[PDB]
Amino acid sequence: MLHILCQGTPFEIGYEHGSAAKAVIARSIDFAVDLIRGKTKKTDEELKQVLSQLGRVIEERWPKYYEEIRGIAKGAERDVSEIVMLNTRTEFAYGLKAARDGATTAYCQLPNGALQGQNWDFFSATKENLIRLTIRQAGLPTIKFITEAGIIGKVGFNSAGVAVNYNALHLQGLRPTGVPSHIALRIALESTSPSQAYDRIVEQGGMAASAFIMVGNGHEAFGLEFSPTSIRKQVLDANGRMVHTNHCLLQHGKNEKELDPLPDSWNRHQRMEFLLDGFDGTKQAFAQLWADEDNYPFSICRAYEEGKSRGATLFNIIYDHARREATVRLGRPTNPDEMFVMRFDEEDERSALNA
C-alpha cells in the first residue's frame, strides 16, 4: 500500500498527498463519477454547481481543510471540485442506495489493554485506491490513517492514542451547510482524547447527513449515530463492549426515518455480539473475529459473489490501545493481500509537541 508522509502547511500537506497519489486519485475520481452517473437524472453541469456549493461551505467553515483540499487538487492536477466530490461522497451522492458501503466495528475494554477494530466493505474496484497517510502538523497529534486516495479523513489513529472507525448509516435528511462525515472524521483524528473529539464534533452545530463514528482510546470510547436532526451517543455495555454495523441501535425520535439497511446488518450485529460472548480476550482471538464467514457471502468478512453480493471486505484494522499500534490487513481477513503494523516514532511525537 502506498504510504505518503505529509508535513508543513495545510497546502503543502495536500500537495504531497495529491502529487504522490496522482494516478490513484485519477482512479478514485473516475470510479466515483461512474458510481453517480449510473444513477442520476441531473447533468454534469448541474452536479458541478452542487460541488461548487459544497466547496464554498468547506472554504468558509473549515479553511485549513479547504487549503489542504486545494493542495491535493494542485498536486494531482485535478479541479478543486473533483477533490471536494471525493471528500463529500455521502452528501453529494445523497439518495443513491446502490452506492452504499458497509462495516462491522467493535470495541472491547480488557484488563491488559482495550482492543478496537473494524472491517470496511465496498466495491472491490476501490481496494486498489486505498492508500495510507502519515500527517504531521506542528502542535497537533500526528495522524496515521487508511483512506481512498484524495480524501482528508477516514479510518485510523493518532499519536495521542485516539482511534477512529466509520460505519455507513442511513437516516433520512441532508443539510448542505452541515459538517460532512469525512470532515468529522478528520476533526476526531486531530483531537487529543475521545472526550475532545465528541466536543469538537458537537461544536460544529449539526451534521450534513447520516453516518456512525466510533472514537476510542485505552480509557474511554463512544459511538455516535447521527443525522442532520439527531446526534446520539453509544456507550460501553455491561460487558465493556460496543458493536456496530449499519443500522440504528439507539433511541432516535420517531420523526427519524431509517432508509432500508440490508437484512445482514442485523445478522452481522447479532453474530459479532455472539462471538464476543465466547471471546477469551487475546489479541490473537480478536483478530480472528474479523475473518468470520457465517452467512457468507454477507458475512462479517464480506465476499464478492456476482448476482448476490456486489461488495467485499476491503480492509481490516485493529487498534492495540495498550501498545499504540494499529494492525492493518488489506483485503479479506480470511486471506489478506498484505498485513502491516502502524506505529508512531519519535519524530511523529516531536511534531505533536511542536519541539
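Position 1 is the first residue in the sequence shown; the rest follow in order.
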Once average C-alpha B-factors are taken from the entry for 118-126 and 250-258, the winner is 250-258
Given 291-299 and 37-45, the range whose Cα B-factors average higher in the PDB entry:
37-45
Which of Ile152, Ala184, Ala99, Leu236 ranks first by CA B-factor in the deposited coordinates
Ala99
Relative to the other modelled residues in the chain, which third contains the C-alpha temperature factor of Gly240: lowest, middle or highest?
middle
Looking at the entry's B-factor column for C-alpha atoms only, identify whether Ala26 ranks in the lowest, middle or highest third of its chain.
highest
On the chain's distribution of Cα B-factors, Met272 falls within the third called middle
Which third of the chain does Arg132 land in by C-alpha B-factor: lowest, middle or highest?
lowest
Could you place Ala32 in the lowest, middle or highest third of its chain by Cα temperature factor, using the values in the record?
highest
